[PDB]
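Structure, as structure tokens:
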Protein chains: 4
Amino acid sequence: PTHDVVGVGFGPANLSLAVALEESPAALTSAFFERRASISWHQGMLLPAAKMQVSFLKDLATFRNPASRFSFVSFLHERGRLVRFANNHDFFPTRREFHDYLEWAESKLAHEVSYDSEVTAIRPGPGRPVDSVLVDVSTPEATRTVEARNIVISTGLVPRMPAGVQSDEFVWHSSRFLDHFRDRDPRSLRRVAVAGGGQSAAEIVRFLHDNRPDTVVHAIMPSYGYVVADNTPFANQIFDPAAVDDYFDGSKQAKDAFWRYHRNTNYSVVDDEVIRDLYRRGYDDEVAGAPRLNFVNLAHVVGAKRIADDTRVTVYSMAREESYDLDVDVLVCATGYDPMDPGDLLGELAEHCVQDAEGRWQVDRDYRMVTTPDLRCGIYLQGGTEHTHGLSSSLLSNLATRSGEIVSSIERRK
Amino acid sequence: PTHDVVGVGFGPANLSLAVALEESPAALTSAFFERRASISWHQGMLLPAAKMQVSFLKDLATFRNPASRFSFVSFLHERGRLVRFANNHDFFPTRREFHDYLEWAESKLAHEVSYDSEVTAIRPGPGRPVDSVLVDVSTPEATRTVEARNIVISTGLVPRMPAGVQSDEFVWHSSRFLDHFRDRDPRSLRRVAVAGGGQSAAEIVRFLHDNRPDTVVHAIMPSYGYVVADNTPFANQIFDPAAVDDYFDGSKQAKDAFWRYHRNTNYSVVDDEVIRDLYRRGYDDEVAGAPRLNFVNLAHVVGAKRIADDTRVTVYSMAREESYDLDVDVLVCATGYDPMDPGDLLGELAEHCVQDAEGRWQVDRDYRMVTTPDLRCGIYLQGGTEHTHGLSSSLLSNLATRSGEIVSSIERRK
Amino acid sequence: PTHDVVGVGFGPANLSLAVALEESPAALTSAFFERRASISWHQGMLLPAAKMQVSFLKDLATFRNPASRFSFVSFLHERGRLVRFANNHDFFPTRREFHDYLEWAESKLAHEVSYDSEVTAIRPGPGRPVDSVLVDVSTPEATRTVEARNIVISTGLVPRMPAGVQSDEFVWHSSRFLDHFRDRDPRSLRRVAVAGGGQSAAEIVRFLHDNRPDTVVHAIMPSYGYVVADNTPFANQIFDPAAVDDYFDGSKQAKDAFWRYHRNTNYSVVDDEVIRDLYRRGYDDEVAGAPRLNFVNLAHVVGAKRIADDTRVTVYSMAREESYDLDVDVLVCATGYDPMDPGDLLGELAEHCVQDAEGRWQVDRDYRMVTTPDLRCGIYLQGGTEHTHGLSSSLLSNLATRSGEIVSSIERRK
Amino acid sequence: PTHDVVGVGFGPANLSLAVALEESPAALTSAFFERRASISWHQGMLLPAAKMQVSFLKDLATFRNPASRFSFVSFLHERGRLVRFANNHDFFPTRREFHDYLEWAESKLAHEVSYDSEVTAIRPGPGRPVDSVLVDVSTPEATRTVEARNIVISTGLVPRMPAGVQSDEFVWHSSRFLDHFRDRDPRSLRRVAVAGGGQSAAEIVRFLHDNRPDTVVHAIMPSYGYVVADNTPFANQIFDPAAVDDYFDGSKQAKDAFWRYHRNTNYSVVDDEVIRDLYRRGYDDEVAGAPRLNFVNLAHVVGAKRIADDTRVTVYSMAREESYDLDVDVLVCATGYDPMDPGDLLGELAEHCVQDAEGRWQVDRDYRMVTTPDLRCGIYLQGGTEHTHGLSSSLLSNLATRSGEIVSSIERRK
Ligand SMILES: Cc1cc2c(cc1C)N(C[C@H](O)[C@H](O)[C@H](O)COP(=O)(O)OP(=O)(O)OC[C@H]1O[C@@H](n3cnc4c(N)ncnc43)[C@H](O)[C@@H]1O)c1[nH]c(=O)[nH]c(=O)c1N2
Ligand SMILES: Cc1cc2c(cc1C)N(C[C@H](O)[C@H](O)[C@H](O)COP(=O)(O)OP(=O)(O)OC[C@H]1O[C@@H](n3cnc4c(N)ncnc43)[C@H](O)[C@@H]1O)c1[nH]c(=O)[nH]c(=O)c1N2
Ligand SMILES: Cc1cc2c(cc1C)N(C[C@H](O)[C@H](O)[C@H](O)COP(=O)(O)OP(=O)(O)OC[C@H]1O[C@@H](n3cnc4c(N)ncnc43)[C@H](O)[C@@H]1O)c1[nH]c(=O)[nH]c(=O)c1N2
Ligand SMILES: Cc1cc2c(cc1C)N(C[C@H](O)[C@H](O)[C@H](O)COP(=O)(O)OP(=O)(O)OC[C@H]1O[C@@H](n3cnc4c(N)ncnc43)[C@H](O)[C@@H]1O)c1[nH]c(=O)[nH]c(=O)c1N2
Ligand SMILES: NC(=O)c1ccc[n+]([C@@H]2O[C@H](COP(=O)([O-])OP(=O)(O)OC[C@H]3O[C@@H](n4cnc5c(N)ncnc54)[C@H](OP(=O)(O)O)[C@@H]3O)[C@@H](O)[C@H]2O)c1
Ligand SMILES: NC(=O)c1ccc[n+]([C@@H]2O[C@H](COP(=O)([O-])OP(=O)(O)OC[C@H]3O[C@@H](n4cnc5c(N)ncnc54)[C@H](OP(=O)(O)O)[C@@H]3O)[C@@H](O)[C@H]2O)c1
Ligand SMILES: NC(=O)c1ccc[n+]([C@@H]2O[C@H](COP(=O)([O-])OP(=O)(O)OC[C@H]3O[C@@H](n4cnc5c(N)ncnc54)[C@H](OP(=O)(O)O)[C@@H]3O)[C@@H](O)[C@H]2O)c1
Ligand SMILES: [Br-]
Ligand SMILES: [Br-]
Ligand SMILES: [Br-]
Ligand SMILES: [Br-]
Ligand SMILES: [Br-]
Ligand SMILES: [Br-]
Ligand SMILES: [Br-]
Ligand SMILES: [Br-]
Ligand SMILES: [Br-]
Ligand SMILES: [Br-]
Ligand SMILES: [Br-]
Ligand SMILES: [Br-]
Ligand SMILES: [Br-]
Ligand SMILES: [Br-]
Ligand SMILES: [Br-]
Ligand SMILES: [Br-]
Ligand SMILES: [Br-]
Ligand SMILES: [Br-]
Ligand SMILES: [Br-]
Ligand SMILES: [Br-]
Ligand SMILES: [Br-]
Ligand SMILES: [Br-]
Ligand SMILES: [Br-]
Ligand SMILES: [Br-]
Ligand SMILES: [Br-]
Ligand SMILES: [Br-]
Ligand SMILES: [Br-]
Ligand SMILES: [Br-]
Ligand SMILES: [Br-]
Ligand SMILES: [Br-]
Ligand SMILES: [Br-]
Ligand SMILES: [Br-]
Ligand SMILES: [Br-]
Ligand SMILES: [Br-]
Ligand SMILES: [Br-]
């Protein structure tokens, strides 16, 4: 049994793909494999006040199909919370509500996703030219192989630790913050260092500040203060379907300009509202004569070691061009992520995939990897297209159109 | 040929009815009559900056059917403006865009509306009990009569001038502001009086101030300054479908409480942003040493007379308890509207319509007039239900659910 | 030793008076008596997030003297927080910071206030015409009498409980909320009823929601939902110095118009941001499937009784026109305040104070009670002038100008 | 006659110096020379809606002296506009009002400024050690020389045109926009090109769009849309007095970090509000079917030539890597400014001024140029300290403290 398309991973990207498949009149067979027991959308960072960074209109389908049964609005309606939501006049749902939306959409699908199923490799199917791929799937009990004419890789961002710092029992990456934080006896995390100046760093500091009154927090970041995230309307355009065209067709000089001017729309920046809230907290503590937030600016974390009952963080100060130590109970590294790497699961098939001068996967407009004539199977990327398709690659801005484009591509080639 | 339902008037209310009819699986025949040449939704007040007072999610259908082909979101999509609109992050479209939406929805309808068709009377059909009504329709060429088992009256708010003031060539009601303003020579309206403290009054003054630099404006209103419109989420809940029930099923005492506390959600009030804009304009003029906005507070317009080339406005000052005369080129009365009244159109049928103690029409929860057993035809009201259904009656807050309940009622009784 | 002026009470109003006295070139002797141990400015309601309802520019002096050593700006500067405050771009300080400001201003004063000193009576001095008043002061150790040519009564708002509800250990007035709440066992206040729809009611509910995850709260109020406080620039003009004149010189009809239209600037209303925050909390709880905020609208508390371990609150529902019982651990009545009344303190002197038709004190523009020729001493009111001077009487909007006018009046008559 | 200090230029910077001198108890003689007829603070860009980029609290003196007779608040009070201003709740005055403030402050000043007086050179005074400088002043009638022990150079930003483009009758720099625009016939500027993506560019485009309904505008900028200006509280800390020290004492690495992360607080960026307003304008035009704003992104103006009745603008597109022409009536270059440079004015004294490795002027913390032993006179810079003191150098953020430090330095050396 050969599937038209197999999806690796089941986060929002492949979920929108599943939705696109179901709404398409094309009869395409599919299977999706997710390593986790269920949809798990950055749960480590599902903090109490966390808000979506995108508008609810930017959901799984609406931009493609304004009357989708899978729209966020449909979700609200079924949950009897559309009227209440509209009264709030906030375009940005909470992360918690959105996570619910995902699970609701997944349930509504006719198709059934295979959970607890980790794709370990993707191999050339039999014959030349290669007309199918073999997908090696590991479940807790067994292992098996499924065959597919096309494959869509959507395995998500990859946590990035500072150079020279390894995650450990008292050194956490932000992605696994709540995982670790639930364990730990409250009276044992009185001193926390948080590395980073981005959205993750800010949210974690805010959470620590609100959730227990006596925690002392060291916010260590290279900038002089949080840099504001740019969500102004002209800016939000870089995420419009048509802007993806602009970026794709543009010269390397144009692509650079994109990053040079508009990297602030997403990377190493903090939403305006979160910034103000942190500032208000700092101000009120000063008034109360009880400072707890220590902003260590123009600095990086360059090392961590456990010494007795204290995690010793080595900080490099740019202002003084000197390193020094910082003893705390826990170091949380909110130091960001690396892009999805298409090459991960590809071994041999990577031989048939085409790189450019600088070594990067070549990708067609329809998110399909460029291959030699030895490969006729479609390898599509949702994620890992930062170089070719732009800033929207890892984000939720363009789920509907990207998924739709991929489905159409697959139908066209069938 | 007897129709299941005939709609009198084709503003947003009956348009949502037409949509509800089309989306309903029930096979109901219908005709709609509009006296104008086309949909004309308060065009006299389609000022440059005018913004909807209701969220785009409150459209013709979405609250009833979250995936309607007639949703505002569908409209944006077809116009290729959904992405752009979402980037704006504003829940409130312009009046101009919304007017487009209505025309777009009307065109989509399978059914064809009869324009240039004024309903002049509604009369008892033949027989007893009365099982149909006769609808007298006047077109430019002819007159005719069509028969219907149910009728839905939605003829809109009725302009209300101040007592003792009649509309005239230099005394206008706000509803016909642009109609009269586009005609006049700019250099002839250097002095304008605007009566009222509501949304209409404020928008007109703002428009006059922005449009031409030398117009002097007298803003005459009973309050000491504009009163802010309440659109905070809890007060807004009075427009929830469920709040209609609360109002309907509530005692007279409870109904009175709605008006006493929440009349400021709509009547005699001005949107926060419009108020601030006017204030900024006044401030900047003062700085420039060139005042043009004269706020005449705690006052009422009590008369107008044309004297040579001047419109003389008689103003009563509450502070002073005396009247005085104000000479301008034009008096614009933004003094509001009276509710729809099915009274005039009904004639003989009114005999079979039951009134309450205070002589008002009794109306069922499904918007259907209470009748004697002599009358079995449904007379539904969209508008004119302020006293039975509450503050949502004349507004856009509840189009989807009201229209849906009327359609269901008609189907149930068939 | 006869003082030119004696101040009864030392809240913000008399503090601004003290400041006005010191800044005036006039050499006037004074004494101030405060019953409490120190300045105590609604400490029972000093909740964590509470924000001033008035701009920092509306402080003790700035409107009168734009370069006062007692300005809020001077306070920030001395505290080394001015730059930090300006960066925040918020016109509204916290209540906690403002309380600090008051104490700071009090300390800076040359004059020394007499604390722990309750004024128990004000009596006619010796002679005719009565030329001085005698002020009976009770300290913890002794009692004494001081003599003054003028007296300024500023004893503040008086807590008002719902009719037929008396405060006790499980039935609190909002004014003493933190007094009772602190140290009460957390696990013993799992069910709280809060009566009222005003700023106090809203802040307490929000605090309860924020500070304890388990607490179930019943918000009981006569309106259908919180009514927004009007702070828009034009309505806010009623607090301008010149608007005091407009109100004072205006007819009874005009005065009524102020209250009819602009009572929503202060009474029985809630700040926009606090409303939205409560709504967001309610929404998120619904999403989480854990409702805790119960809004009991169109209702009022009509009785309370202690029954075993429960406080039984009798609620009257306007919608149903019936009464029912609600069991909670504590009833907090945030039911507002009555105006200051010089009546009690005055005794005999009241004979020489002229009343108008409705039993109310006549007051001159300069806040000086109207007296018979039998009395030449100045009795000034800061507070209790709602009926003569308007909505600014109990508020912080006009401290600088009122205090300045009182000082000037006293100097003029000397 | 030898002055303690001579100021070159009389914009806000030297105005604050004059104020600092006055308020200082030190008896220092001074003269100020301005080449214009009066204070002329970027009048070419005094557009109708233009708003200060800095809080009113950041005025001539307040941060140094919180009760200055020259504060913005004092200004408002004297103008009888303090109450009205506070009611507006806007920290940011209009540029128009601020310009008034400057003139008002100038008039208050006890000592008189010499207008129509252009400093043409600064020379070594006679003898050894060099204890004075000679200032060559050219008035319309005569020329003269004044002597001073110290000199403060504050001659402002210098307009910068694109490379290969020269200002002309139909090619304007933004700084002279209104100067040229008030002259031209309206019907002759139907096609305008505006180069730049900064605050100047945005304001001019907005003005052109609002002013006349039929102007077509080409907005040419290197970014893919306007980049938001960062004004959030933490990033704004870079303008704190203490942040000057951090920048000054910091390594080159640290200084680079300030620019790398926080350049977006001021350069090549646009205020949030202005961006949103432009976007709304674009949206409404599309709805109206009448587009007029053409955003030419990822592009640079590289040339301009007059050809008959057309200004032909050569545009380089980074996306296509090619150049093309656009014909308009006028090209406005809003392409920014170069820093103040004491270089030109200094001449021979420059020999006595020490440069660093990269050939830049070495400046002490007090703003005083580093000199050779023979030179004992103080040469202070207000402006032109970007490389030593940081991003505050050309701005209004720090007038009070900088001026105060310079005055103190002069007194201390005296
Ligand atoms: C805390 C936080 C919050 C947000 C965001 C990031 C972070 C860290 N993002 C960006 C983020 O990339 C986005 O929200 C989604 O996670 C992207 O969807 P994906 O399906 O592509 O990755 P995603 O990570 O969601 O899905 C990957 C899945 O594949 C599974 N998987 C990986 N390898 C596998 C294998 N070998 N076999 C089987 N399964 C495998 C993983 O288990 C995982 O479930 C965002 N962006 C935005 O625009 N707005 C927003 O609000 C947010 N919110
Ligand atoms: C300037 C302005 C702006 C707004 C609003 C009012 C005003 C004055 N409204 C309220 C307004 O009532 C609502 O928007 C609709 O007009 C109501 O729809 P009807 O369909 O009920 O009115 P209208 O929309 O008033 O429908 C009546 C129509 O029937 C026609 N008609 C009358 N008599 C007839 C006859 N005898 N025969 C045939 N046709 C006849 C009329 O010609 C008219 O077209 C509003 N509310 C809100 O909630 N949000 C908002 O943004 C606005 N905007
Ligand atoms: C929780 C809360 C918060 C606010 C406000 C009210 C409340 C309840 N207000 C209004 C409030 O009225 C105002 O802030 C001041 O309290 C009024 O000053 P007095 O100085 O007039 O009152 P208070 O400030 O009430 O002055 C009274 C003092 O006199 C003392 N006293 C009474 N009788 C005495 C006696 N016989 N002998 C000696 N001393 C006696 C009392 O002890 C007390 O210290 C307000 N308004 C606004 O415009 N903005 C705001 O932010 C707020 N904030
Ligand atoms: C349109 C616009 C608007 C703003 C700003 C810039 C621009 C272009 N700025 C920055 C701007 O640099 C600042 O507002 C002041 O102009 C700087 O003060 P200066 O006194 O140093 O220069 P400024 O240019 O104001 O004054 C210099 C003066 O010296 C005179 N002069 C020059 N050479 C001379 C000579 N040889 N002899 C005699 N006189 C001579 C000139 O005539 C001129 O009047 C700003 N920044 C901010 O933080 N907030 C804001 O709101 C603004 N607003
Ligand atoms: N509420 C939400 O929906 C939410 C929450 C969290 C994250 N997200 C999303 O997830 C994505 C990533 O955000 P992110 O904050 O996790 O990552 P991020 O944007 O890459 O931010 C990483 C930060 O850590 C800094 N850093 C790197 N090495 C460091 C070191 N050795 N010491 C100190 N700081 C160091 C980076 O500084 P430099 O770049 O200057 O080197 C940067 O400030 C974004 O798309 C974001 O929007 C969303
Ligand atoms: N942008 C939009 O979508 C828009 C624009 C305009 C209107 N509308 C809507 O249309 C409806 C009507 O609003 P409206 O502003 O036209 O009317 P309105 O709300 O009824 O207000 C009428 C005003 O005139 C005053 N008034 C009455 N008699 C007067 C007199 N003799 N002299 C001076 N003033 C007098 C009223 O004062 P009192 O009430 O105190 O007596 C009131 O302030 C509302 O639903 C509104 O939201 C919407
Ligand atoms: N309302 C106000 O108070 C107000 C008004 C206007 C200005 N200002 C102030 O004045 C100062 C300067 O602002 P500004 O906007 O005048 O200048 P600016 O910040 O320097 O911005 C100049 C812009 O022109 C661009 N540019 C450079 N060469 C170009 C070319 N050949 N073709 C097209 N575009 C080109 C720059 O792009 P790149 O830099 O990316 O190369 C940049 O976006 C700031 O302090 C600003 O805040 C204040
Ligand atoms: Br968005
Ligand atoms: Br719903
Ligand atoms: Br690193
Ligand atoms: Br560890
Ligand atoms: Br970890
Ligand atoms: Br949190
Ligand atoms: Br492009
Ligand atoms: Br540290
Ligand atoms: Br796409
Ligand atoms: Br698509
Ligand atoms: Br709404
Ligand atoms: Br679209
Ligand atoms: Br009319
Ligand atoms: Br307008
Ligand atoms: Br109810
Ligand atoms: Br309904
Ligand atoms: Br329905
Ligand atoms: Br205020
Ligand atoms: Br400070
Ligand atoms: Br109590
Ligand atoms: Br709180
Ligand atoms: Br619930
Ligand atoms: Br007063
Ligand atoms: Br005064
Ligand atoms: Br403008
Ligand atoms: Br600022
Ligand atoms: Br004033
Ligand atoms: Br250039
Ligand atoms: Br040039
Ligand atoms: Br030219
Ligand atoms: Br020029
Ligand atoms: Br530093
Ligand atoms: Br030519
Ligand atoms: Br400094
Ligand atoms: Br200083």
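The chains in the structure tokens are called A, B, ... from first to last as shown; in each chain the residues are counted from 1, and the ligands are counted from 1 in the order shown.
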Q: Please check which protein, DNA or RNA residues sit within 6 Å of ligand 7, counting only C-alpha atoms and all ligand atoms, and write them as a VMD selection string.
A: chain D and resid 50 to 53 162 195 to 201 220 to 222 266 to 268 300 to 302 334 to 337
Could you save the residues just selected, with N, CA and C atoms, as a PDB file, in the first residue's frame?
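Everything below was put into part18.pdb:
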```pdb
ATOM      1  N   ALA D  50       2.656  66.979  13.076  1.00  0.00           N
ATOM      2  CA  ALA D  50       3.954  66.470  13.514  1.00  0.00           C
ATOM      3  C   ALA D  50       4.046  66.473  15.045  1.00  0.00           C
ATOM      4  N   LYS D  51       4.478  65.361  15.630  1.00  0.00           N
ATOM      5  CA  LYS D  51       4.546  65.263  17.087  1.00  0.00           C
ATOM      6  C   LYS D  51       5.960  65.038  17.613  1.00  0.00           C
ATOM      7  N   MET D  52       6.289  65.696  18.725  1.00  0.00           N
ATOM      8  CA  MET D  52       7.579  65.501  19.374  1.00  0.00           C
ATOM      9  C   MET D  52       7.887  64.013  19.493  1.00  0.00           C
ATOM     10  N   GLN D  53       9.166  63.655  19.446  1.00  0.00           N
ATOM     11  CA  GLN D  53       9.537  62.253  19.610  1.00  0.00           C
ATOM     12  C   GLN D  53       9.983  62.032  21.039  1.00  0.00           C
ATOM     13  N   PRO D 162      21.239  61.925  -1.187  1.00  0.00           N
ATOM     14  CA  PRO D 162      21.764  60.660  -1.706  1.00  0.00           C
ATOM     15  C   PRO D 162      23.011  60.923  -2.535  1.00  0.00           C
ATOM     16  N   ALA D 195      12.006  59.859  -1.195  1.00  0.00           N
ATOM     17  CA  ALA D 195      13.021  58.844  -0.937  1.00  0.00           C
ATOM     18  C   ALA D 195      13.267  58.756   0.560  1.00  0.00           C
ATOM     19  N   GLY D 196      13.251  57.539   1.094  1.00  0.00           N
ATOM     20  CA  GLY D 196      13.572  57.324   2.492  1.00  0.00           C
ATOM     21  C   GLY D 196      12.550  56.467   3.213  1.00  0.00           C
ATOM     22  N   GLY D 197      12.957  55.890   4.339  1.00  0.00           N
ATOM     23  CA  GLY D 197      12.078  55.044   5.123  1.00  0.00           C
ATOM     24  C   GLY D 197      12.020  55.496   6.566  1.00  0.00           C
ATOM     25  N   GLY D 198      12.461  56.726   6.817  1.00  0.00           N
ATOM     26  CA  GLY D 198      12.508  57.243   8.171  1.00  0.00           C
ATOM     27  C   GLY D 198      11.327  58.118   8.536  1.00  0.00           C
ATOM     28  N   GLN D 199      11.419  58.753   9.701  1.00  0.00           N
ATOM     29  CA  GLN D 199      10.341  59.594  10.223  1.00  0.00           C
ATOM     30  C   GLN D 199       9.989  60.734   9.265  1.00  0.00           C
ATOM     31  N   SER D 200      11.016  61.362   8.697  1.00  0.00           N
ATOM     32  CA  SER D 200      10.817  62.447   7.738  1.00  0.00           C
ATOM     33  C   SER D 200      10.032  61.963   6.522  1.00  0.00           C
ATOM     34  N   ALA D 201      10.493  60.870   5.925  1.00  0.00           N
ATOM     35  CA  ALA D 201       9.828  60.310   4.749  1.00  0.00           C
ATOM     36  C   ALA D 201       8.353  60.020   5.021  1.00  0.00           C
ATOM     37  N   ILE D 220       9.909  55.631  -1.858  1.00  0.00           N
ATOM     38  CA  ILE D 220      11.007  54.771  -2.263  1.00  0.00           C
ATOM     39  C   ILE D 220      11.939  54.573  -1.080  1.00  0.00           C
ATOM     40  N   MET D 221      12.088  53.319  -0.668  1.00  0.00           N
ATOM     41  CA  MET D 221      12.877  53.000   0.511  1.00  0.00           C
ATOM     42  C   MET D 221      13.514  51.618   0.381  1.00  0.00           C
ATOM     43  N   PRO D 222      14.651  51.418   1.059  1.00  0.00           N
ATOM     44  CA  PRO D 222      15.434  50.183   0.938  1.00  0.00           C
ATOM     45  C   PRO D 222      14.797  49.002   1.664  1.00  0.00           C
ATOM     46  N   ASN D 266      15.892  55.526  16.919  1.00  0.00           N
ATOM     47  CA  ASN D 266      15.941  56.849  16.301  1.00  0.00           C
ATOM     48  C   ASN D 266      16.206  56.930  14.799  1.00  0.00           C
ATOM     49  N   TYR D 267      17.083  56.082  14.285  1.00  0.00           N
ATOM     50  CA  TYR D 267      17.522  56.224  12.898  1.00  0.00           C
ATOM     51  C   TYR D 267      16.787  55.279  11.970  1.00  0.00           C
ATOM     52  N   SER D 268      16.332  55.826  10.841  1.00  0.00           N
ATOM     53  CA  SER D 268      15.725  55.030   9.771  1.00  0.00           C
ATOM     54  C   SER D 268      14.508  54.266  10.262  1.00  0.00           C
ATOM     55  N   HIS D 300      16.525  52.059  -3.883  1.00  0.00           N
ATOM     56  CA  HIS D 300      17.231  53.297  -3.577  1.00  0.00           C
ATOM     57  C   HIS D 300      17.128  54.272  -4.734  1.00  0.00           C
ATOM     58  N   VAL D 301      17.004  55.554  -4.416  1.00  0.00           N
ATOM     59  CA  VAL D 301      17.147  56.580  -5.431  1.00  0.00           C
ATOM     60  C   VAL D 301      18.641  56.749  -5.695  1.00  0.00           C
ATOM     61  N   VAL D 302      19.051  56.601  -6.951  1.00  0.00           N
ATOM     62  CA  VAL D 302      20.467  56.720  -7.307  1.00  0.00           C
ATOM     63  C   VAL D 302      20.772  57.888  -8.246  1.00  0.00           C
ATOM     64  N   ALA D 334      14.165  62.492   1.634  1.00  0.00           N
ATOM     65  CA  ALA D 334      14.124  62.438   3.095  1.00  0.00           C
ATOM     66  C   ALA D 334      15.167  61.429   3.545  1.00  0.00           C
ATOM     67  N   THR D 335      16.405  61.686   3.149  1.00  0.00           N
ATOM     68  CA  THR D 335      17.471  60.711   3.275  1.00  0.00           C
ATOM     69  C   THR D 335      18.381  60.984   4.464  1.00  0.00           C
ATOM     70  N   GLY D 336      17.922  61.831   5.378  1.00  0.00           N
ATOM     71  CA  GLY D 336      18.573  61.955   6.665  1.00  0.00           C
ATOM     72  C   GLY D 336      19.629  63.042   6.762  1.00  0.00           C
ATOM     73  N   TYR D 337      20.461  62.932   7.788  1.00  0.00           N
ATOM     74  CA  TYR D 337      21.418  63.973   8.114  1.00  0.00           C
ATOM     75  C   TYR D 337      22.770  63.396   8.496  1.00  0.00           C
TER      76      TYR D 337
END
```
Q.
I need the chain B residues near chain A as a ChimeraX atom specification; criterion: at most 12 Å, counting only C-alpha atoms.
A. /B:54-59,61-92,231-243,397-398,400-401
Q) Can you list every residue in range 123-268 of chain A that DSSP puts in strand (DSSP E), as JSON, numbers by chain? A) {"A": [123, 124, 133, 134, 135, 136, 137, 138, 143, 144, 145, 146, 147, 148, 149, 150, 151, 152, 153, 158, 159, 171, 172, 173, 191, 192, 193, 194, 195, 216, 217, 218, 219, 220]}
Selection from above, C-alpha atoms, as a tab-separated table (two decimals), in the first residue's frame, can you write it?
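Dumped everything to part.tsv:
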```tsv
chain	number	residue	atom	x	y	z
A	123	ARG	CA	15.12	5.78	2.27
A	124	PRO	CA	14.96	5.43	-1.53
A	133	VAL	CA	10.38	6.60	-0.59
A	134	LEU	CA	10.53	4.23	2.33
A	135	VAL	CA	9.69	5.67	5.71
A	136	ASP	CA	11.10	3.84	8.73
A	137	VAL	CA	8.75	4.16	11.68
A	138	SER	CA	9.54	3.11	15.24
A	143	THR	CA	9.27	-1.14	13.80
A	144	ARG	CA	7.84	-0.95	10.31
A	145	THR	CA	8.22	0.70	6.94
A	146	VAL	CA	5.64	2.57	4.90
A	147	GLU	CA	5.89	3.66	1.32
A	148	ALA	CA	4.91	7.01	-0.14
A	149	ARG	CA	5.13	8.87	-3.43
A	150	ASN	CA	5.62	12.14	-1.55
A	151	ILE	CA	6.82	13.13	1.88
A	152	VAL	CA	6.34	16.32	3.91
A	153	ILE	CA	8.92	17.02	6.61
A	158	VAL	CA	15.51	22.65	17.25
A	159	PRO	CA	16.51	24.02	20.70
A	171	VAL	CA	20.79	24.06	33.37
A	172	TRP	CA	17.59	24.04	31.29
A	173	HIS	CA	16.67	25.11	27.79
A	191	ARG	CA	17.92	32.27	42.62
A	192	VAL	CA	17.33	31.89	38.89
A	193	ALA	CA	19.42	33.08	35.98
A	194	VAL	CA	17.71	33.51	32.61
A	195	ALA	CA	19.88	33.96	29.52
A	216	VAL	CA	15.53	36.66	42.65
A	217	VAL	CA	16.02	36.68	38.90
A	218	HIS	CA	19.06	37.55	36.81
A	219	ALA	CA	18.13	38.46	33.23
A	220	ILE	CA	21.28	38.17	31.14
```
Q: Name all residues at most 10 Å from range 104-114 of chain B (count only C-alpha atoms; drop same-chain ones fewer than 4 positions away) and give them as JSON, numbers by chain.
A: {"B": [7, 9, 10, 12, 15, 16, 18, 19, 21, 22, 29, 30, 31, 32, 33, 34, 35, 36, 37, 38, 39, 60, 69, 70, 71, 72, 74, 75, 78, 79, 98, 99, 100, 118, 139]}
